[PDB]
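A.B. asks: This is the structure I want to talk about, given as structure tokens.
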Amino acid sequence: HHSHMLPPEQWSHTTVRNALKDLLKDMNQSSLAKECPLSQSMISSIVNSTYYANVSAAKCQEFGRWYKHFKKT
């Protein structure tokens with residue numbers, strides 16, 4: 001159930017990347033950028049980098065809020 005998704009303040013860069021990779025199984029990067037608060041560049045970096053992602057707390061929370069709402073529809 002969508003209500004069991006972590007609340008925004010619990011999202012880390014790990015939560016964001018894990019969500020992103022499941023999302024990208026069913027939509028492409030361009031579509032994800034249209035939907036969510038991450039930029040094209042940040043999405044690309046998460047997909048491609050060999051290093052951990054730098055995502056601010058504010059952006060993690062913004063993403064987690066979006067994601068839970070997106071799953072609820």
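A.B. asks: Condition first: hydrophobic (A, V, I, L, M, F, W, C) and either closer than 13 Å to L23 by Cα or free of Cβ contacts under 8 Å to residues at least 12 places away in the same chain (or both). Now tell me which residues in the stretch 59-73 satisfy that.
C.D. replies: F63, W66, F70
A.B. asks: Then there's this: Identify the residue in the stretch 24-58 that is in contact (Cβ under 8 Å) with a residue 24 or more places away in the chain and under 11 Å from the mean Cα position of the chain (by Cα) and, among all such residues, is surrounded by the fewest Cβ atoms within 10 Å (Cβ to Cβ).
C.D. replies: Selected residue: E35.
A.B. asks: With the checklist (1) in a loop (DSSP other than H, G, I, E, B); (2) over 17 Å from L6 (Cβ atoms) in hand, flag the one item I46 doesn't pass.
C.D. replies: So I46 meets the others, but not (1).
A.B. asks: Could you figure out which of (1) assigned to a loop (DSSP other than H, G, I, E, B); (2) closer than 23 Å to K72 by Cβ isn't true of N54?
C.D. replies: Status for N54: all satisfied but (2).
Readers should treat all values here as calculations from the given coordinates under stated rules, not as data from a laboratory. All Cβ positions, even for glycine, are placed from backbone atoms using ideal geometry, and neighbour counts span all protein chains on display.
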